């Protein structure tokens, strides 16, 4: 009841404000401070009149204590606060070593002992081992300064507390703009970036060598549905690289710089209120830094959103944080800051609402209608639009001037009822051969057919992971057509169904007919027949091939399939080689080192 440490603990207080007051001024300001403590840190504050407690347990109060105290005699406390005074003056060395406090005394210089109470108190607190945080305040009612004396003191202690308690004050946007807006409302189109990636006008000029910094614009020669079913769209594209001088081999990847859907970009401009044809630059406030801009400038908002900015993936923590100020509806602003937080609770609301719902920026704007930022701050915060990679599905020996892509279109419904569209694949799908140009480049990999033709090859490529092997098979067929003896060429393919999603049914059957493909092993899942079982089934034969210097290749979207396939090979070497599992793994390791076990797995 009168035990101050007891009462503080019982009631789960984060912070204690005490006051001693004859005529209500200290009480008033102790209350004003408490109110500000809560408004800014959302603490659970007790604010109590010293007169109502015994203080023998002052040292056991486990929160920070503010003390407001008035002077009334010979530097005495108010007569009602006798018990509080008798404790502070009797306090022996070390008695209050756990007490962390701040203090604001109330006095009047027109009396003999200006602020004697708070001055005495502080001598005794520190003498007994307590640590004061911040300055000792001393209101002067004699000068008429008390309110401003408090104002100054309060601002001070709140800065001290911001570090002591961690955290930031509600009502604060420590928001740092990295770049600055300049509107180029007059400038000629030749100086303005139009969606090209490196040097200005490079999509026009097109001079070798083409690469990541300078992609070749390849015409789309073919674009056909590969699959029988309607659930999914899987497609085969052909990219004309005639006159590029780009060299590739089977096993290489082709990278592609897509465009965002223009309808999406429009919808975005319409909800931001922004006119997107405004050409502009975002110049770095760090004048001496390397990145002068977040993306090629001068450029229009339409262009940045279309070609240089990622607007489809879930925005990150820091972009929610920075957008939160632009939410006029307070409860919408609370959401965003919470989702931007380091809180277990906030992180978790973020994962499900932002990440798991796959909410892109437009979706966040639409569902938080009071969030209305300026386009230029948004463009600064959004991540860069990345290139997208595909396993070339052609051999350069039959298609030297053509690069083939095999891809499933990403198109799916979210928890929140939206339909999301994968950028590159829907873009590629909309490319009609009747010119339609795809910015691209080739990155070399170490995924290669054996250069010694007689060497057997074992390809494991379920689903879209057949991609690289289509080119491997074209190539091997080609080697046979040229008079070379070619070793066995085994494909272990997989899909759901033969009349739904059998990729390259004609071509693989025909390559098999012509003897180019020695074996087409398909594992249609739809009872759960995956490729692992086909490998185990054919284990006896696979071990001969392996022992005969065969090369193994694993391709596909799923890391687990690769892992299951590797495990299956571990068991085959274990059984048929007659060795310990540990030796089996080390054998397959040796293969990898020799370059006879290669992977192309995309996660």
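Residue numbers count along the first chain shown, from 1.
In the deposited sequence, the stretch from residue 526 to residue 527 hides 1 to 3 residues that have no coordinates. Where residue 434 is followed by residue 435 in the displayed chain, the model omits 4 to 9 of the deposited residues that sit between the two.
Once the C-alpha B-factors are averaged per stretch, 106-114 and 325-333 rank with 325-333 first. Relative to its counterpart among 544-552 and 58-66, 58-66 has the higher mean temperature factor, C-alpha atoms as listed in the PDB entry. Looking at 141, 287, 249, 243, the one whose CA carries the top B-factor in the deposited record is 287. Highest C-alpha temperature factor among 86, 238, 485, 411 per the entry: 86. Placement of the Cα temperature factor of residue 461 within the chain: lowest third of the modelled residues, per the deposited record. Sort the chain's modelled residues by C-alpha temperature factor and residue 367 lands in the middle third, per the entry. Per the PDB record, residue ranking by Cα B-factor puts residue 560 in the middle third of the chain. The deposited CA B-factor of residue 267 belongs to the middle third of values across its chain. For residue 317, the recorded CA temperature factor ranks within the middle third of the chain's modelled residues.
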